[PDB]
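As stored in final-v6.txt (compact mmCIF, C-alpha atoms and all ligand atoms):
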```
# COMPACT_ATOMS: atom_id res chain seq x y z
CA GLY A 58 -19.88 9.73 -3.51
CA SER A 59 -22.27 6.87 -2.88
CA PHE A 60 -20.48 5.48 0.19
CA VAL A 61 -20.41 8.41 2.60
CA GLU A 62 -20.32 6.06 5.58
CA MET A 63 -16.89 4.75 4.52
CA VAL A 64 -15.30 7.92 3.12
CA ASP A 65 -12.48 9.23 5.37
CA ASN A 66 -12.39 6.09 7.54
CA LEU A 67 -8.60 5.69 7.45
CA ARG A 68 -5.85 7.23 9.55
CA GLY A 69 -2.07 7.07 9.50
CA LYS A 70 0.77 7.88 7.10
CA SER A 71 3.07 5.95 4.73
CA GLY A 72 5.91 5.64 7.24
CA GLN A 73 3.75 3.88 9.83
CA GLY A 74 1.02 2.51 7.58
CA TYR A 75 -2.67 3.34 7.20
CA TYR A 76 -5.28 1.72 9.43
CA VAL A 77 -9.04 1.26 9.79
CA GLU A 78 -11.10 0.69 12.92
CA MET A 79 -12.62 -2.77 13.39
CA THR A 80 -14.30 -4.67 16.23
CA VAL A 81 -13.82 -8.32 17.18
CA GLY A 82 -15.77 -10.54 19.57
CA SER A 83 -18.99 -10.24 21.57
CA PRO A 84 -19.35 -7.77 23.11
CA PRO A 85 -17.35 -5.90 20.44
CA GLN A 86 -13.70 -5.15 21.20
CA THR A 87 -12.43 -2.16 19.21
CA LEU A 88 -8.98 -2.26 17.58
CA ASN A 89 -7.17 -0.24 14.90
CA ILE A 90 -6.02 -2.41 12.02
CA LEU A 91 -3.29 -1.85 9.41
CA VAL A 92 -4.66 -2.16 5.86
CA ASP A 93 -2.29 -4.46 3.92
CA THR A 94 -2.94 -5.50 0.31
CA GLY A 95 0.44 -7.26 0.44
CA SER A 96 -0.61 -10.15 2.72
CA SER A 97 -3.69 -12.29 3.46
CA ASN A 98 -4.06 -12.89 7.21
CA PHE A 99 -6.21 -11.05 9.72
CA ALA A 100 -4.05 -11.01 12.86
CA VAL A 101 -4.33 -8.98 16.03
CA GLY A 102 -2.31 -8.51 19.19
CA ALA A 103 -3.87 -10.82 21.79
CA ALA A 104 -1.43 -10.47 24.67
CA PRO A 105 0.26 -7.56 26.48
CA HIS A 106 3.10 -5.83 24.64
CA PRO A 107 5.04 -2.63 25.47
CA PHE A 108 3.77 -0.86 22.33
CA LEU A 109 0.08 -1.79 22.69
CA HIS A 110 -2.44 -0.11 24.98
CA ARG A 111 -5.18 -2.60 24.08
CA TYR A 112 -5.50 -6.06 22.58
CA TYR A 113 -7.88 -8.89 21.76
CA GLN A 114 -9.01 -10.73 24.88
CA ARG A 115 -10.45 -14.03 23.70
CA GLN A 116 -11.70 -15.03 27.16
CA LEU A 117 -14.04 -12.02 27.16
CA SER A 118 -15.73 -12.89 23.85
CA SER A 119 -18.70 -15.24 24.04
CA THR A 120 -18.43 -15.90 20.30
CA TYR A 121 -14.73 -16.84 20.26
CA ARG A 122 -13.98 -20.26 18.74
CA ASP A 123 -10.61 -21.96 19.17
CA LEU A 124 -9.21 -23.67 16.06
CA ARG A 125 -6.55 -25.40 18.21
CA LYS A 126 -3.82 -24.59 15.69
CA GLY A 127 -0.80 -22.32 15.85
CA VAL A 128 0.61 -20.10 13.12
CA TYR A 129 4.14 -18.75 12.70
CA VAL A 130 4.68 -15.83 10.35
CA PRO A 131 8.29 -14.81 9.79
CA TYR A 132 9.13 -12.14 7.20
CA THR A 133 12.05 -9.86 6.34
CA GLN A 134 11.50 -6.92 8.67
CA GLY A 135 10.06 -9.03 11.48
CA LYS A 136 7.77 -11.83 12.60
CA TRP A 137 4.97 -12.96 14.89
CA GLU A 138 3.44 -16.16 16.22
CA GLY A 139 -0.20 -16.72 17.04
CA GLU A 140 -3.07 -19.03 17.81
CA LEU A 141 -5.81 -19.49 15.22
CA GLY A 142 -9.49 -19.08 15.98
CA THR A 143 -12.63 -17.40 14.64
CA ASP A 144 -14.94 -14.70 15.98
CA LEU A 145 -17.50 -12.16 14.81
CA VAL A 146 -15.90 -9.15 13.12
CA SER A 147 -17.25 -5.77 12.02
CA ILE A 148 -15.97 -2.51 10.54
CA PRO A 149 -17.75 0.46 12.24
CA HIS A 150 -17.16 2.84 9.35
CA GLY A 151 -17.76 0.24 6.70
CA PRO A 152 -20.49 -2.02 5.36
CA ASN A 153 -23.16 -2.62 7.97
CA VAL A 154 -22.56 -6.34 8.30
CA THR A 155 -20.94 -8.66 10.83
CA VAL A 156 -19.08 -11.74 9.67
CA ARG A 157 -17.40 -14.72 11.28
CA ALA A 158 -13.77 -14.65 10.22
CA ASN A 159 -10.47 -16.30 10.99
CA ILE A 160 -8.30 -14.42 13.46
CA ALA A 161 -4.66 -15.07 14.27
CA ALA A 162 -4.32 -14.12 17.93
CA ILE A 163 -0.76 -12.81 18.24
CA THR A 164 0.91 -14.04 21.43
CA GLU A 165 4.56 -13.29 20.58
CA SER A 166 6.18 -10.89 18.13
CA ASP A 167 9.46 -9.29 17.08
CA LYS A 168 9.67 -5.93 15.30
CA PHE A 169 5.99 -6.11 14.29
CA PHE A 170 4.30 -3.59 16.56
CA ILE A 171 5.57 -0.02 16.33
CA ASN A 172 5.65 2.44 19.22
CA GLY A 173 3.14 5.19 18.47
CA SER A 174 1.65 3.68 15.30
CA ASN A 175 -1.74 3.44 16.98
CA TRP A 176 -2.65 0.14 15.29
CA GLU A 177 -3.02 -3.20 17.05
CA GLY A 178 -3.39 -5.66 14.19
CA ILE A 179 -3.14 -6.19 10.46
CA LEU A 180 -5.75 -6.88 7.79
CA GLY A 181 -4.30 -8.87 4.87
CA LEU A 182 -6.47 -8.13 1.83
CA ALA A 183 -4.63 -10.26 -0.74
CA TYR A 184 -5.62 -13.79 -1.83
CA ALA A 185 -5.72 -17.15 -0.07
CA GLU A 186 -2.71 -18.50 -1.97
CA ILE A 187 -0.38 -16.51 0.28
CA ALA A 188 -2.28 -16.92 3.55
CA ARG A 189 -0.38 -18.57 6.41
CA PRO A 190 -0.17 -21.50 7.29
CA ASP A 191 -1.63 -22.31 3.89
CA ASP A 192 -4.42 -21.45 1.48
CA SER A 193 -6.98 -23.33 3.59
CA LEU A 194 -7.18 -20.39 6.01
CA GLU A 195 -9.87 -18.23 4.42
CA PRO A 196 -8.91 -14.53 4.24
CA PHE A 197 -11.21 -11.91 5.78
CA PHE A 198 -12.44 -10.40 2.53
CA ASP A 199 -13.25 -13.85 1.15
CA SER A 200 -15.37 -14.49 4.27
CA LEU A 201 -17.04 -11.10 3.96
CA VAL A 202 -18.05 -11.71 0.36
CA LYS A 203 -19.19 -15.28 0.98
CA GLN A 204 -21.31 -14.44 4.04
CA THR A 205 -22.91 -11.19 2.85
CA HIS A 206 -24.13 -9.41 -0.28
CA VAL A 207 -21.12 -7.06 -0.35
CA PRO A 208 -19.72 -6.88 -3.92
CA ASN A 209 -16.33 -8.56 -4.39
CA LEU A 210 -14.33 -5.34 -4.66
CA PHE A 211 -12.81 -2.64 -2.49
CA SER A 212 -11.05 0.64 -3.22
CA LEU A 213 -8.38 2.62 -1.43
CA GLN A 214 -7.57 6.31 -1.29
CA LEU A 215 -4.40 6.77 0.78
CA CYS A 216 -3.81 10.44 1.57
CA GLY A 217 -0.31 11.69 2.27
CA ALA A 218 -0.39 15.07 4.02
CA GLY A 219 2.46 16.64 2.05
CA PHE A 220 4.15 17.63 5.31
CA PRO A 221 5.15 15.94 8.61
CA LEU A 222 2.39 15.09 11.10
CA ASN A 223 3.34 14.98 14.78
CA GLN A 224 1.87 12.48 17.26
CA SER A 225 -1.24 14.55 18.00
CA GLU A 226 -1.78 15.56 14.38
CA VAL A 227 -1.56 12.06 12.91
CA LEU A 228 -4.20 10.97 15.42
CA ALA A 229 -6.63 13.73 14.45
CA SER A 230 -6.04 13.80 10.69
CA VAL A 231 -7.99 11.96 8.00
CA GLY A 232 -5.59 9.57 6.29
CA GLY A 233 -7.85 8.39 3.50
CA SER A 234 -10.66 6.02 2.65
CA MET A 235 -11.25 2.31 2.24
CA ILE A 236 -14.53 1.73 0.41
CA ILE A 237 -15.65 -1.85 0.96
CA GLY A 238 -17.80 -3.15 -1.88
CA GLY A 239 -17.69 -0.15 -4.17
CA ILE A 240 -16.20 2.90 -5.86
CA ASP A 241 -16.83 6.40 -4.49
CA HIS A 242 -16.66 9.05 -7.24
CA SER A 243 -15.79 11.87 -4.82
CA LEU A 244 -12.32 10.40 -4.19
CA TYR A 245 -10.91 10.89 -7.69
CA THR A 246 -10.92 13.14 -10.74
CA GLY A 247 -10.77 12.17 -14.39
CA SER A 248 -11.18 8.62 -15.63
CA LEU A 249 -10.41 5.24 -14.11
CA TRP A 250 -8.07 3.03 -16.17
CA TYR A 251 -7.76 -0.69 -15.46
CA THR A 252 -4.83 -3.07 -15.65
CA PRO A 253 -5.36 -6.85 -15.44
CA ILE A 254 -4.59 -8.72 -12.24
CA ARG A 255 -2.05 -11.14 -13.76
CA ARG A 256 -2.52 -13.84 -11.13
CA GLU A 257 -4.48 -13.94 -7.89
CA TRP A 258 -2.02 -14.32 -5.01
CA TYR A 259 -0.50 -10.87 -4.37
CA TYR A 260 -2.22 -8.17 -6.42
CA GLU A 261 0.17 -8.75 -9.34
CA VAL A 262 0.29 -6.45 -12.36
CA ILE A 263 2.51 -5.94 -15.40
CA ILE A 264 4.50 -2.75 -16.10
CA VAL A 265 5.32 -2.34 -19.82
CA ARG A 266 7.27 0.93 -20.01
CA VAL A 267 8.91 3.39 -17.61
CA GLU A 268 9.71 7.08 -18.23
CA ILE A 269 11.52 9.72 -16.19
CA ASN A 270 10.31 13.15 -17.35
CA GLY A 271 9.18 11.59 -20.63
CA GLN A 272 12.49 9.82 -21.26
CA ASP A 273 12.18 6.08 -21.79
CA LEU A 274 14.29 4.13 -19.29
CA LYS A 275 14.63 1.78 -22.27
CA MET A 276 15.16 -1.51 -20.45
CA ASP A 277 13.80 -4.90 -21.54
CA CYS A 278 10.31 -4.65 -19.99
CA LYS A 279 10.72 -8.04 -18.31
CA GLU A 280 13.24 -6.30 -16.04
CA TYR A 281 10.44 -4.09 -14.68
CA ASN A 282 8.55 -7.16 -13.46
CA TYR A 283 11.43 -9.35 -12.29
CA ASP A 284 10.34 -11.39 -10.58
CA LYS A 285 6.88 -9.80 -10.12
CA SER A 286 5.22 -6.38 -9.76
CA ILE A 287 2.57 -5.88 -7.06
CA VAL A 288 0.36 -3.17 -5.54
CA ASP A 289 0.99 -3.05 -1.79
CA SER A 290 -0.62 -0.66 0.70
CA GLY A 291 1.67 -2.29 3.25
CA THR A 292 4.90 -0.94 1.70
CA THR A 293 5.97 2.68 2.21
CA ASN A 294 8.24 3.12 -0.83
CA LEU A 295 8.10 2.57 -4.55
CA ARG A 296 10.51 -0.38 -4.66
CA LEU A 297 12.21 -1.40 -7.89
CA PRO A 298 14.27 -4.46 -8.97
CA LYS A 299 18.00 -3.82 -8.49
CA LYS A 300 18.85 -3.10 -12.14
CA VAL A 301 15.76 -0.96 -12.65
CA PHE A 302 16.53 0.97 -9.48
CA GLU A 303 20.08 1.61 -10.68
CA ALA A 304 18.92 2.91 -14.09
CA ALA A 305 16.10 4.94 -12.54
CA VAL A 306 18.30 6.62 -9.93
CA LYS A 307 20.86 7.44 -12.60
CA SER A 308 18.12 9.12 -14.66
CA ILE A 309 16.59 10.94 -11.68
CA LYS A 310 20.05 12.22 -10.69
CA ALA A 311 20.61 13.45 -14.26
CA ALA A 312 17.26 15.26 -14.37
CA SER A 313 17.91 16.95 -11.00
CA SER A 314 21.63 17.58 -11.63
CA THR A 315 21.40 21.33 -10.97
CA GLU A 316 21.60 20.29 -7.32
CA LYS A 317 23.95 17.65 -5.92
CA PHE A 318 22.78 15.33 -3.14
CA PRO A 319 24.91 12.99 -0.98
CA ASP A 320 24.85 9.27 -1.73
CA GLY A 321 23.05 8.73 1.57
CA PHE A 322 20.06 10.66 0.26
CA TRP A 323 19.68 8.39 -2.76
CA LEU A 324 20.03 5.32 -0.52
CA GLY A 325 17.01 6.49 1.44
CA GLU A 326 19.14 6.77 4.55
CA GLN A 327 19.52 10.50 5.16
CA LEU A 328 17.13 13.39 4.73
CA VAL A 329 17.57 16.58 2.73
CA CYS A 330 16.14 19.87 3.97
CA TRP A 331 15.30 23.24 2.45
CA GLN A 332 14.31 26.56 3.99
CA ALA A 333 10.57 26.57 4.70
CA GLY A 334 8.53 26.68 1.50
CA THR A 335 11.51 26.56 -0.86
CA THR A 336 11.62 22.87 -1.81
CA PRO A 337 12.70 22.92 -5.50
CA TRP A 338 10.04 20.50 -6.73
CA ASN A 339 10.60 21.65 -10.33
CA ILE A 340 14.17 20.32 -10.59
CA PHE A 341 12.95 16.77 -9.83
CA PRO A 342 11.35 14.72 -12.66
CA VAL A 343 7.90 13.15 -12.84
CA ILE A 344 7.91 9.34 -13.12
CA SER A 345 5.52 7.42 -15.35
CA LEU A 346 4.71 3.73 -15.14
CA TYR A 347 2.89 2.28 -18.17
CA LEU A 348 0.64 -0.63 -17.28
CA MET A 349 -0.91 -3.32 -19.47
CA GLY A 350 -4.45 -2.33 -20.42
CA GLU A 351 -7.59 -4.44 -20.66
CA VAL A 352 -7.60 -4.25 -24.47
CA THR A 353 -5.10 -6.09 -26.68
CA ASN A 354 -1.94 -4.10 -27.45
CA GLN A 355 -3.22 -1.22 -25.35
CA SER A 356 -1.61 0.37 -22.29
CA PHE A 357 -2.09 3.43 -20.10
CA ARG A 358 0.22 5.35 -17.78
CA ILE A 359 0.17 6.64 -14.23
CA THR A 360 2.47 9.58 -13.47
CA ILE A 361 3.64 10.67 -10.04
CA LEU A 362 5.48 13.76 -8.86
CA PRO A 363 8.39 14.29 -6.50
CA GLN A 364 5.66 15.32 -4.03
CA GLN A 365 4.86 11.58 -3.98
CA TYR A 366 8.36 10.08 -4.00
CA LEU A 367 10.01 12.54 -1.60
CA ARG A 368 8.55 11.58 1.82
CA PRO A 369 8.10 14.44 4.34
CA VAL A 370 9.91 13.84 7.62
CA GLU A 371 10.48 16.01 10.68
CA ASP A 372 13.92 17.61 10.89
CA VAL A 373 16.25 16.16 13.52
CA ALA A 374 16.07 19.61 15.12
CA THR A 375 12.33 19.96 14.44
CA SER A 376 13.21 23.30 12.80
CA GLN A 377 10.98 25.18 10.36
CA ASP A 378 12.79 23.62 7.40
CA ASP A 379 10.91 21.33 5.02
CA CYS A 380 12.75 18.00 4.96
CA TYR A 381 12.32 14.73 3.07
CA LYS A 382 13.69 11.24 2.51
CA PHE A 383 14.00 9.74 -1.00
CA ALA A 384 11.26 7.06 -1.09
CA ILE A 385 12.30 4.95 -4.06
CA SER A 386 14.48 1.96 -3.16
CA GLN A 387 15.78 -1.30 -4.53
CA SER A 388 14.23 -4.71 -4.22
CA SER A 389 15.37 -8.28 -4.80
CA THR A 390 11.75 -9.47 -4.89
CA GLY A 391 10.33 -7.43 -7.76
CA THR A 392 8.58 -4.09 -8.09
CA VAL A 393 6.40 -2.96 -5.20
CA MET A 394 3.98 -0.12 -5.81
CA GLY A 395 3.68 1.09 -2.24
CA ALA A 396 2.27 4.26 -0.67
CA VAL A 397 4.53 6.37 -2.94
CA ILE A 398 2.38 5.26 -5.85
CA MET A 399 -0.87 4.82 -3.94
CA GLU A 400 -0.92 8.33 -2.45
CA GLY A 401 -1.17 9.76 -5.95
CA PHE A 402 -4.13 7.67 -6.98
CA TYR A 403 -7.51 6.28 -6.03
CA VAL A 404 -6.96 2.55 -6.47
CA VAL A 405 -9.77 0.10 -7.20
CA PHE A 406 -9.18 -3.54 -6.34
CA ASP A 407 -11.84 -5.08 -8.61
CA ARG A 408 -11.51 -8.71 -7.55
CA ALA A 409 -14.79 -9.56 -9.29
CA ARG A 410 -13.36 -8.63 -12.70
CA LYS A 411 -9.72 -9.53 -11.95
CA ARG A 412 -8.45 -5.99 -12.54
CA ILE A 413 -7.03 -2.98 -10.70
CA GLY A 414 -8.20 0.54 -11.47
CA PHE A 415 -6.27 3.79 -11.20
CA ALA A 416 -7.52 7.39 -11.20
CA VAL A 417 -5.91 10.64 -10.07
CA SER A 418 -6.54 10.99 -6.34
CA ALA A 419 -8.62 13.91 -5.11
CA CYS A 420 -6.12 14.06 -2.25
CA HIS A 421 -2.75 13.80 -3.97
CA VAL A 422 -0.17 16.46 -3.17
CA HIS A 423 1.01 18.66 -6.04
CA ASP A 424 1.92 22.25 -6.97
CA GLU A 425 0.49 24.91 -9.30
CA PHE A 426 2.58 23.67 -12.23
CA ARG A 427 2.22 19.87 -12.29
CA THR A 428 -0.28 17.24 -11.19
CA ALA A 429 -0.29 13.46 -10.95
CA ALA A 430 -1.96 11.84 -13.96
CA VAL A 431 -3.58 8.70 -15.39
CA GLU A 432 -3.65 8.80 -19.18
CA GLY A 433 -4.40 6.55 -22.13
CA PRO A 434 -4.55 4.73 -24.35
CA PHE A 435 -1.15 4.01 -25.90
CA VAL A 436 -0.37 1.40 -28.53
CA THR A 437 1.96 -1.21 -27.02
CA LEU A 438 3.02 -4.56 -28.49
CA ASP A 439 4.02 -7.94 -27.00
CA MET A 440 3.06 -6.87 -23.48
CA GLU A 441 2.64 -10.49 -22.39
CA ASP A 442 6.41 -10.82 -22.87
CA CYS A 443 6.91 -8.29 -20.08
CA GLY A 444 5.69 -10.80 -17.53
CA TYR A 445 8.33 -12.88 -15.78
CA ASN A 446 8.27 -16.68 -15.51
CA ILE A 447 10.50 -18.64 -13.11
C1 LIG B 501 5.80 -5.27 2.72
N1 LIG B 501 5.13 -5.99 3.84
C2 LIG B 501 3.74 -6.05 3.87
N2 LIG B 501 3.02 -5.63 2.82
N3 LIG B 501 3.10 -6.52 4.98
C3 LIG B 501 3.81 -6.89 6.23
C4 LIG B 501 3.93 -5.75 7.23
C5 LIG B 501 4.00 -4.34 6.92
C6 LIG B 501 4.12 -3.51 8.05
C7 LIG B 501 4.22 -2.01 7.95
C8 LIG B 501 4.68 -1.22 9.03
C9 LIG B 501 4.78 0.19 8.92
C10 LIG B 501 4.42 0.85 7.72
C11 LIG B 501 3.96 0.06 6.63
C12 LIG B 501 3.59 0.68 5.40
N4 LIG B 501 3.30 1.20 4.42
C13 LIG B 501 3.87 -1.35 6.75
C14 LIG B 501 4.15 -4.26 9.25
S1 LIG B 501 4.03 -5.94 8.93
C15 LIG B 501 3.11 -8.08 6.79
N5 LIG B 501 3.76 -9.22 6.14
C16 LIG B 501 3.21 -10.50 6.00
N6 LIG B 501 3.66 -11.17 4.90
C17 LIG B 501 3.20 -12.42 4.61
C18 LIG B 501 2.28 -13.09 5.42
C19 LIG B 501 1.81 -12.44 6.58
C20 LIG B 501 2.26 -11.14 6.89
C21 LIG B 501 1.73 -10.54 8.10
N7 LIG B 501 1.33 -10.01 9.05
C22 LIG B 501 5.08 -8.88 5.58
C23 LIG B 501 5.24 -7.39 5.93
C24 LIG B 501 5.95 -6.56 4.82
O1 LIG B 501 7.17 -6.43 4.85
```
As C-alpha cells, please, write out the structure in this file.
Ligand SMILES: CN1C(=N)N[C@@]2(c3cc(-c4cccc(C#N)c4)cs3)CN(c3ncccc3C#N)C[C@H]2C1=O
Amino acid sequence: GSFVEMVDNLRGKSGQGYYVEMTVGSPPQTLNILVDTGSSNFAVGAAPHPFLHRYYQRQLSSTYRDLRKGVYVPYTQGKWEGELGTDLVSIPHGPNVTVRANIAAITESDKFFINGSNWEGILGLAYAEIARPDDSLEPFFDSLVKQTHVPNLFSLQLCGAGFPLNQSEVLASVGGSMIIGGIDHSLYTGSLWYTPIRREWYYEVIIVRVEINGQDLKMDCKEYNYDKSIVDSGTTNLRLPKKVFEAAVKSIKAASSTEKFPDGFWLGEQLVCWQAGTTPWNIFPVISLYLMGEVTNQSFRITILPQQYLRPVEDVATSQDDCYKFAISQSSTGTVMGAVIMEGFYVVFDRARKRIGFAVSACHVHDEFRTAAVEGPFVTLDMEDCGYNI
C-alpha cells in the first residue's frame, strides 16, 4: 500500500451508491459525492431540497466563476437541471492538490437525490464524449490530470459488507477505496489482469465467453456485448442484454434447482430469506466472465460468487433472518458490470494505457469453500468479432 492517505476513503453500499468526500469553493464547502464511472459530469446540489442537509452555495465562494450556461440532464431513472460554472475543488482523502474544475450547480431535480443516501452530488469519471451538454465540457479527472502531476489513472475497491447495514452503520462503515493516480497493493490479492478499453466514452470492454459453474452459456459472443459492455460503479446490478439474461437465468435456475424460488425473486422484485446463518450459498453457481486480454488471441476470466450477486437487504420485519434480492437483471442497452462485479474485484482504470485491470478484492465476501477469482491466460480466437457495431 503506497497510497495510505486514500485507502478506505469511500462510504456507502451498492443499493445507494458509493461516495467520496470533496470540497468546492473558497473557503472550502464539504460535500459527499457519488463515484460514477458511468457518466462524465461533476454536478452538485446547489439549492435546497428535502433530501439534502447541505449544498453548494455559490454566493459564498470567492473563487466561483459563472459560465452563464444551463445544462439539462435527463436519464432513465431520473433527471436534473443545473447552471454551469467553475470553482476550486479538492478531495480531502485524496491527492494533495486543488484544481479548477467545471461544476454543474443543480437547481432542480427529479428522482436524483435519495433520502438517507448521505451524498449531495455526483462525480462522473468517464470520458468527455458523454459529458453534457457536449464534449466541450471538460470532465473533472481530465482537469485534474491536466493541471497537476497526478498520473492519468485511478483505481476502485468497492466493499460490500455481506450483510445489511442500517442507517447508523452505513455512516460509520468503510465502504472501500478510490486511489487517485495509482494502484495500492494492499487492496487485492493475486495478479492484476488487463482488458483493453475498446473505445473511450464509457469504460467499454469486450466479453468473449460466459460460464455458469463452468458451463459455457454458448451464445454468439456478440450477444454478450450488444450493444456495448461497460464497467459502471454507478450501477448496482450486473445487467445483461435481454437474450443473455434469459439464457443466464435459465442456467442459474438449473444449477440451483434443488430449491425453487418464485418468479418475483428472479425478476429482482422480491427478496428471499433464510434462517440466520443458513443461506445455502453452495446450491448457487459461480459466474465467470471472460474478457479480451492485452495479447492477441488471449483472454482471462473473472469469477464471482452468489455472495456478490445476491444483495443483502433488511427483512420487511427486520427479523434475524438473512435476506437477499437477486442482483442480476436485464438491459436493453448492453451489459453493465455494476457493483455486483466490482465488489468482487479491485478495479484499475488505467486511462494512460487504455486498459482496465482486475484483481481479486481483499474485501470481497466469500465462504470457506469458494472465493472470487481472476485467472488466465486462455487461448481465444476472433475476439474482435465479439464487439458490436451499429
Ligand atoms: C447507471 N447510471 C449511472 N451510472 N449514473 C447515473 C446515476 C446513478 C445513480 C445511483 C443511485 C443509487 C445507487 C447507484 C449505484 N450503484 C447509482 C444516481 S444518478 C447518472 N447518470 C448520468 N448519465 C449521463 C449523463 C449524466 C448523468 C448524471 N448525473 C445516469 C444515471 C444511471 O442510471
Selection: 10 Å around residue A:174, only C-alpha atoms, excl. self and same-chain fewer than 5 positions, as a PyMOL selection string: chain A and resi 69-70+72-76+89+91+108-109+224+227-228
Can I get the selection written as a short mmCIF file (atom, residue, chain, number, x, y, z; two decimals), in the coordinates of the input, with C-alpha atoms?
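New file again_13.cif:
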```cif
data_model
loop_
_atom_site.label_atom_id
_atom_site.label_comp_id
_atom_site.auth_asym_id
_atom_site.auth_seq_id
_atom_site.Cartn_x
_atom_site.Cartn_y
_atom_site.Cartn_z
CA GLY A 69 -2.07 7.07 9.50
CA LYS A 70 0.77 7.88 7.10
CA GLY A 72 5.91 5.64 7.24
CA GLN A 73 3.75 3.88 9.83
CA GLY A 74 1.02 2.51 7.58
CA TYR A 75 -2.67 3.34 7.20
CA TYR A 76 -5.28 1.72 9.43
CA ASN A 89 -7.17 -0.24 14.90
CA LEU A 91 -3.29 -1.85 9.41
CA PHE A 108 3.77 -0.86 22.33
CA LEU A 109 0.08 -1.79 22.69
CA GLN A 224 1.87 12.48 17.26
CA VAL A 227 -1.56 12.06 12.91
CA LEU A 228 -4.20 10.97 15.42
#
```
Nearest to residue A:93 by atom-to-atom distance, counting only C-alpha atoms, from A:77, A:430, A:290, A:135: A:290
Computed interatomic separation between atom CA of residue A:327 and atom CA of residue A:373 (Å):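 Rounded to one decimal, the two atoms are 10.6 Å apart.
If you look at atom CA of residue A:246 and atom CA of residue A:417, they are 5.6 Å away from each other.
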Distance query stretch 385-393 of chain A at most 6 Å, only C-alpha atoms, self and fewer than 3 positions along chain excluded, as number ranges by chain: A: 282-287, 294-299, 302
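In this structure, atom CA of residue A:98 sits 24.0 Å away from atom CA of residue A:216.
Between residue A:104 and the candidates A:367, A:163, A:394, A:330, the tightest atom-to-atom separation, counting only C-alpha atoms, involves A:163.
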